[PDB]
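Below, in structure tokens: the form deposited in one PDB entry, a single chain.
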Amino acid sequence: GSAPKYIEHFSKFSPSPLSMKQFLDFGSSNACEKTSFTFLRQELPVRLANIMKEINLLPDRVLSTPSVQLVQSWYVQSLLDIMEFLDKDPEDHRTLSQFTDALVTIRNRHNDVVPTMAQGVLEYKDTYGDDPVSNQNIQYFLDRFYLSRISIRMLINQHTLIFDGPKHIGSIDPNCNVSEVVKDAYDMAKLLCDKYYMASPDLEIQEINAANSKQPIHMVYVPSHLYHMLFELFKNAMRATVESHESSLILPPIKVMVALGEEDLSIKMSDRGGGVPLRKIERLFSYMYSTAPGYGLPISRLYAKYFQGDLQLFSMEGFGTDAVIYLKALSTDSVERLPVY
């Protein structure tokens, strides 16, 4: 076969990160389908090949494991499926139809990568140990591999959702109300909290629109990404609040503040769930130390970094914990953050 040659070829190119503005242009209408096709048939084999080349540079004890070999085989087959469209005529509507179907197949083929990679981390822990050096190398790899996974699925979702034969532009909402996304994630976490604990903290949301007080805070963003981050944080905040008050009756609420500045849109979640000692904070974002015989927090932070944001945790042991999602307020500053190869 030619898979090694394709990896070598397309890995010589750097991924081209896109801004929110560029995403809104690719999705502005159905006429852009041909442009999206000619862009993606080149960009997807670049992004695939770059992460596939990094996967081949892993130590032999990692590379030869069934999980890494299984993931590799998926990224080889996906790479080859895109290779078929490099010679096809974009003017043939059938070519465009086949391309969209191929992307859906690729997306589904990789649906179980995150659980498959977690199995590998557990195997490593039991086969070679959970030492700090291993933690750093695994953390470095998975942060980049998961960041690479997010950027590829973003490209695929934008094409398949928009060119299917409007206010939202695929997965992007140009008028995303952050508080509405905050109330959706809470309600879902609450539903689970009531089922498991038969009790749930209330929610308090406050908005600070510095430039235009009292005006609802809106932004251009991917609400599914924002939901994932807030849902993961709400689940942790509710578990901590309920469990730390099992012997008392009062249940402090979870407070959320949504602040809009000149360049930051910040979302702080605050609970009184007893807190975490500083020594144990970084373990919460570690793939290796979070793997036991999930990855919500580390992946949530990658969603935040993906458009030049961040997700940070600050606790006060004996009281509670704060989490801040930092997002870019302006679509001009919202640009893909891709692994530096």
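Take the two forms, find the largest set of C-alpha atoms that superpose within 1.5 Å, and that set is the rigid core. Residues carry their position along the shown sequence, with the first being 1.
Although not depicted, the form deposited in another entry is the subject of the following passage.
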Just one of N177, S244, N135, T100 has a C-alpha that shifts by 2 Å or more between the shown form and the other one on a rigid core fit; which is it?
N135
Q42: after superposing the rigid core, is there a C-alpha shift of 2 Å or more between the shown form and the other one?
no
Would the C-alpha of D126 be classed as shifted by 2 Å or more between the shown form and the other one after rigid-core alignment?
yes
Would you say whether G274 is displaced between the shown form and the other one, judging by a C-alpha shift of 2 Å or more on the superposed rigid core?
no
Work out the direction of the Cα-Cα change for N175 and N30 in that other deposited form: closer or farther than in this form? It's 3 angstroms or more.
farther
